[PDB]
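Following: one structure in C-alpha coordinates, then a few remarks.
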Amino acid sequence: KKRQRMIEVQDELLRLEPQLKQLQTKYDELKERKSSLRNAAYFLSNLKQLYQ
Amino acid sequence: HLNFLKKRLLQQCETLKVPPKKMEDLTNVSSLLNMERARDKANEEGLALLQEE
(Lines give C-alpha, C1' and ligand atoms only; values in the text may rest on other atoms or scores of the structure.)
Protein backbone atom coordinates (compact mmCIF):
# COMPACT_ATOMS: atom_id res chain seq x y z
CA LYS A 1 0.00 0.00 0.00
CA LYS A 2 2.80 2.45 0.86
CA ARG A 3 4.54 1.97 -2.50
CA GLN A 4 1.73 3.73 -4.38
CA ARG A 5 1.75 6.62 -1.90
CA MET A 6 5.48 7.07 -2.51
CA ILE A 7 4.93 7.02 -6.28
CA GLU A 8 2.14 9.60 -6.17
CA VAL A 9 4.09 11.95 -3.90
CA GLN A 10 7.04 11.77 -6.30
CA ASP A 11 4.66 12.58 -9.17
CA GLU A 12 3.28 15.55 -7.22
CA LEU A 13 6.74 17.00 -6.53
CA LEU A 14 7.85 16.51 -10.15
CA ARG A 15 4.72 18.31 -11.34
CA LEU A 16 5.05 21.14 -8.81
CA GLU A 17 8.69 22.17 -9.35
CA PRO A 18 8.49 23.97 -12.76
CA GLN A 19 5.68 26.29 -11.64
CA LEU A 20 7.96 27.60 -8.88
CA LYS A 21 10.76 27.91 -11.44
CA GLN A 22 8.66 30.01 -13.84
CA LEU A 23 7.29 32.19 -11.03
CA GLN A 24 10.81 32.95 -9.80
CA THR A 25 11.92 33.91 -13.32
CA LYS A 26 8.92 36.21 -13.80
CA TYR A 27 9.52 37.86 -10.42
CA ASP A 28 13.23 38.57 -10.80
CA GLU A 29 12.75 39.84 -14.34
CA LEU A 30 9.85 42.16 -13.48
CA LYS A 31 11.82 43.67 -10.60
CA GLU A 32 14.72 44.78 -12.80
CA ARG A 33 12.26 45.86 -15.51
CA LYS A 34 10.60 48.27 -13.07
CA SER A 35 13.96 49.50 -11.75
CA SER A 36 15.30 50.23 -15.23
CA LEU A 37 12.05 51.96 -16.21
CA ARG A 38 12.23 54.25 -13.17
CA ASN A 39 15.90 55.07 -13.78
CA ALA A 40 15.26 55.87 -17.45
CA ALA A 41 12.29 58.09 -16.58
CA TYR A 42 14.35 60.00 -14.01
CA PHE A 43 17.27 60.55 -16.38
CA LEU A 44 15.00 61.60 -19.25
CA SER A 45 13.09 64.12 -17.13
CA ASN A 46 16.34 65.51 -15.70
CA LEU A 47 17.91 66.03 -19.13
CA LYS A 48 14.65 67.50 -20.50
CA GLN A 49 14.44 70.12 -17.76
CA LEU A 50 18.19 70.79 -18.03
CA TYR A 51 17.96 71.62 -21.73
CA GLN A 52 14.72 73.56 -21.15
CA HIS B 1 4.57 -50.87 32.99
CA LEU B 2 5.75 -47.98 30.79
CA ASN B 3 4.02 -49.35 27.69
CA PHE B 4 0.94 -50.19 29.78
CA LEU B 5 0.60 -46.64 31.11
CA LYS B 6 1.39 -45.29 27.63
CA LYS B 7 -1.51 -47.24 26.14
CA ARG B 8 -3.67 -46.06 29.04
CA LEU B 9 -2.77 -42.43 28.32
CA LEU B 10 -3.60 -43.11 24.67
CA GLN B 11 -7.05 -44.34 25.70
CA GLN B 12 -7.53 -41.32 27.97
CA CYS B 13 -6.61 -38.99 25.10
CA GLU B 14 -9.05 -40.88 22.87
CA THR B 15 -11.94 -40.39 25.31
CA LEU B 16 -11.21 -36.67 25.71
CA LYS B 17 -13.01 -34.00 23.68
CA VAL B 18 -11.65 -30.67 22.42
CA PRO B 19 -12.75 -27.99 19.94
CA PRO B 20 -11.04 -28.50 16.58
CA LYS B 21 -7.78 -26.85 15.58
CA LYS B 22 -5.32 -27.11 12.70
CA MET B 23 -1.57 -27.21 12.07
CA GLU B 24 1.06 -29.33 10.27
CA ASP B 25 3.83 -31.80 11.12
CA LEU B 26 6.25 -31.14 13.99
CA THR B 27 9.53 -31.56 12.09
CA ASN B 28 9.18 -28.17 10.36
CA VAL B 29 8.51 -26.05 13.46
CA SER B 30 11.95 -24.49 13.97
CA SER B 31 12.63 -24.03 10.25
CA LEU B 32 9.29 -22.28 9.70
CA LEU B 33 9.87 -20.15 12.80
CA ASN B 34 13.26 -19.04 11.48
CA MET B 35 11.85 -18.26 8.02
CA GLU B 36 9.04 -16.23 9.61
CA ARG B 37 11.52 -14.34 11.79
CA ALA B 38 13.65 -13.50 8.75
CA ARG B 39 10.61 -12.41 6.74
CA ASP B 40 9.40 -10.25 9.64
CA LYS B 41 12.76 -8.50 9.96
CA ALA B 42 12.98 -7.94 6.19
CA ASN B 43 9.45 -6.54 5.96
CA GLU B 44 10.07 -4.29 8.97
CA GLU B 45 13.26 -2.78 7.56
CA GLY B 46 11.66 -2.33 4.14
CA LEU B 47 8.63 -0.58 5.62
CA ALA B 48 10.93 1.65 7.68
CA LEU B 49 12.91 2.69 4.59
CA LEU B 50 9.74 3.36 2.59
CA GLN B 51 8.24 5.41 5.42
CA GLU B 52 11.40 7.51 5.79
CA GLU B 53 11.41 8.23 2.06
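Ordered as shown in the C-alpha coordinates, chains take letters A, B, and onward, while each chain numbers its residues from 1 and ligands are numbered from 1 in the order shown.
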Next on the checklist: Residues of chain A within 9 Å of chain B, counting only C-alpha atoms - could you list those as a VMD selection string?
Outcome noted: chain A and resid 2 to 3 6
Next on the checklist: Please identify the helix (DSSP H, G or I) residues within chain B (assignment by DSSP from backbone atoms) and present them as an MDAnalysis selection string.
Outcome noted: chainID B and resid 2:15 29:52
